[PDB]
Structure formats: structure tokens, C-alpha cells
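In C-alpha cells, the next block holds one chain alone, the form deposited in one PDB entry.
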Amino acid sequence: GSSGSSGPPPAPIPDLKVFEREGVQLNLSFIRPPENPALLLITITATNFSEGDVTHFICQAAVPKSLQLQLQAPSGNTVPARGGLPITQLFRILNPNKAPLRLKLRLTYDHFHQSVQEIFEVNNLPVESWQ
């Protein structure tokens, strides 16, 4: 029939701020699937509110040999400046070596008919991720 489980609620991981712009806003989400504990599915949420619709957005990353990285198919190289739907990209990472490393986030796009290049490294990652 139908049966849940016996036990208290776990402790998930709250979003993480990596990039904040007067118009653009990027958020980081960590997912830890039960089937694969050593697997870390990271997600990105780039929102645009400014009066300049973004296009041809490029999202890249970098990880140390120890870990792995998988670039999944995007959703669209276009972001609505009218609070529409942001872009999301899936990235698989293997941390079986039990080594809590960091992740690099490379951003490259065009805004207001101008070149927008900003690179940063998320060093304020949560402990639960590896722990």
C-alpha cells in the first residue's frame, strides 16, 4: 500500500551566492543524490532584471584532477530582462577521494552592447557537501 518512514528530517544545503550584480544574479545549488553519495550535482541560476536582455551567455567551470566535471547541455543562450526564466546547467563531480576541494566559475557574456567578463572561485562552499 503506502508507507513512509520512521525518523527525523535531514539537513539539506541552502543556496550559495557566487555572483551578485545590480541587475544580474547568480545562485549555486548543491544536490546530493542517495544512489550516488560521492556524486555532486551542481546547478546554476542566472537571473537578469536590468533593462538589458542578455544573450549568448557562457557558463564554464574548472576542477582539480582529484575531482571530475561534466558539462551538460544548457537550456538556452538567452536570458529575459523581464524576470523571465534564468538559465540552468547541470555539472557532475566525483569526490570519492574524500577531498573537500573548491570549484571555479567562469562567466563570459555580453550586456548592454558590451563585453562582460568576470571570473571567481567559490571558496565558501558548505561543509555538509563533503562531510
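The numbering used is simple: start at 1 and walk along the sequence shown.
One more form of this protein exists, namely the form solved in complex with a partner chain; it is left out here, but the text below deals with it.
- Residue 60 is the only one of 77, 60, 88, 50 with a heavy atom lying within 4.5 Å of the partner chain in the deposited complex.
- Contact with the partner chain in the deposited complex, judged by any heavy atom within 4.5 Å, is made by just one of 98, 82, 65, 56: 65.
- The closest non-hydrogen atom of residue 119 lies within 4.5 Å of the partner chain in the deposited complex.
- The partner chain in the deposited complex comes within 4.5 Å of a heavy atom belonging to residue 69.
- In the deposited complex, the partner chain sits within 4.5 Å of a heavy atom belonging to residue 106.
- For residue 102, a non-hydrogen atom is located within 4.5 Å of the partner chain in the deposited complex, even though that partner is not displayed.
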